[PDB]
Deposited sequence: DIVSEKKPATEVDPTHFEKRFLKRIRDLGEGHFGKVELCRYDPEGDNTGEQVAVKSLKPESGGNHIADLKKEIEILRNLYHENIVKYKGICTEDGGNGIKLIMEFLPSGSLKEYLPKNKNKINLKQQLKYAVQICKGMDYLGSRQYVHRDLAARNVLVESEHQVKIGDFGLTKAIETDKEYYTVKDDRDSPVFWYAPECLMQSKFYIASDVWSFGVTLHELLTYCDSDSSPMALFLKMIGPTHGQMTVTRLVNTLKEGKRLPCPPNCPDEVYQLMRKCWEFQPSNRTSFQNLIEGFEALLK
C-alpha cells in the first residue's frame, strides 16, 4: 500500500518552539524528520492544549476548511497528524512570521507601494474565502503571514465559519476571546458575522499595515485612548457607543487621504453600506 503525503507520523514530528497561542489552541514550529538527521522540512503545527470536547470539533472543521482552500495568498495545508481521538493541523512554515513581527523590522524595505500590494493580496485571499461562503472572523495583521517581501498569505482559519446558502451571516455562541478591536458593530452588538464584517476587520488590518504594526499605534492601543483603558467589562459597550457616534481609527501617519478613504469605506456602520473586497482591489490597483 502507498504512503499518503498528508499523513505525518507523530514519531517523526519534532517540536522546536511555540509560534503563537490562541483560543484553546496553539501553533508550534516543528521539523517533520522521518530520517532523524535534522534535514526534514520545517512545518507549522496547530494543536489544542490539553486544558473542552467541542474545541476538538472546531479544529477538525478548521482542518477541513483549510484542506480545500487553494489560493496564492492562503497558507498551504500540508497534512494531519492523528492520535484517532486527537489531531494536529500540519501547515507550511513561513519563517518571516506575520506582519506583526515582520513590518517593524523591515520598514526600510517596505514602502507605500509594497503596503498597497500586500493590501491587494490580503483582499484577494479574503475574496476567495468569501466566494466559498466563509466568514474569517479573525482578520488581523497577526494572521497575515509573510511569504517574501513581495508576498503575504492569510495564515490562520481558527475562527472561520461557513455562511448558510439562505443566510447573509453566521451567528456565533463562543464569544469570550473575541478580537473586539477588529470587530464590526453588528459582531459586537448581535454576534452576527457577515462577509462585510471581514471587510470591516480588513480596514483595521490595513490601518496596522500602514502603521508597520507599531505597538503604540495598534487598534487596541488607539481605541483604548478614545474610550478609556480602565473600563473592564464595560469596554465593549463603550466601544459600541464610540463607533455609533462615528468615531474611527485616525489616519496612519504618512498615509495619503485616498488610501484612508478606502479604509473609511471598510468602516461604514451598516454592513450593507461597506465596500467589497473586489472594490478595495480596484481602488488599490488604481493607486499603484
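Segments lacking C-alpha coordinates (deposited sequence numbering, starting at 1) = In sequence order, the gaps with no modelled C-alpha are 1 to 9, 61, 94 to 95, 301.
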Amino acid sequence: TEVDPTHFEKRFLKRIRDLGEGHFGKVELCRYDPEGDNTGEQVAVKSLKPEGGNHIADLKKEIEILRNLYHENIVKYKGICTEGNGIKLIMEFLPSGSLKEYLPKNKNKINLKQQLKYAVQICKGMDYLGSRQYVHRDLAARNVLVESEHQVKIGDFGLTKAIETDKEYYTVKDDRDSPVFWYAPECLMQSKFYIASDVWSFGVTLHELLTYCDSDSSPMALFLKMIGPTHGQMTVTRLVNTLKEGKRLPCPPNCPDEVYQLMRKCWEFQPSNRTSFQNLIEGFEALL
From here on, numbers count along this sequence of modelled residues.
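Think of the rigid core as the biggest set of C-alphas that the two forms share within 1.5 Å after superposition.
Hey, after superposing on the core, which one moves around more in 9 other deposited structures of this protein, 133 to 141 or 162 to 170, CA-wise?
-> Per-stretch check in 9 other deposited structures of this protein: the more divergent one is 162 to 170.
Which of 38 to 46 and 256 to 264 strays further in 9 other deposited structures of this protein - Cα RMS after rigid core alignment = Output: 38 to 46, the stretch lying farther off on average in 9 other deposited structures of this protein.
Counting the other entries of this protein, is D58 left out in at least a third of them?
-> No.
Entries skipping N85: at least a third of other ones = Across the compared entries, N85 is left out in at least a third.
For the C-alpha atoms alone, is the average B factor greater in 170 to 178 or in 95 to 103, going by the entry?
-> Taking the mean C-alpha B-factor of 95 to 103 and of 170 to 178, the larger value falls to 170 to 178.
Looking at the entry, does 214 to 222 or 112 to 120 show the higher mean C-alpha B-factor?
-> On average, C-alpha B-factors are higher across 214 to 222.
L59, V27, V240, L66, ranked by C-alpha B-factor: the highest one = Top of the list by C-alpha B-factor: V240.
Options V75, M126, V204, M189 - largest CA temperature factor per the record = Of the candidates given, the C-alpha B-factor peaks at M189.
Sort the modelled residues of this chain by their C-alpha B factor and say whether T165 lands in the lowest, middle or highest third.
-> Its C-alpha B-factor, which the entry lists for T165, ranks in the highest third among residues of this chain.
Thinking about Cα B factors across the chain, which third does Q42 belong to?
-> Answer is lowest: the recorded C-alpha B-factor places it there.
Can you tell me which third, lowest, middle or highest, the CA B-factor of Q133 falls into for its chain?
-> As the PDB entry reports it, the C-alpha B-factor of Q133 lands in the middle third of its chain.
Tell me, lowest, middle or highest third: where does the Cα B factor of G79 rank within its chain?
-> Lowest third of the chain for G79's C-alpha B-factor.
Pull the Cα B-factor of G158 out of the PDB entry and bin it into the chain's lowest, middle or highest third.
-> It belongs to the lowest third of the chain when residues are ordered by C-alpha B-factor.
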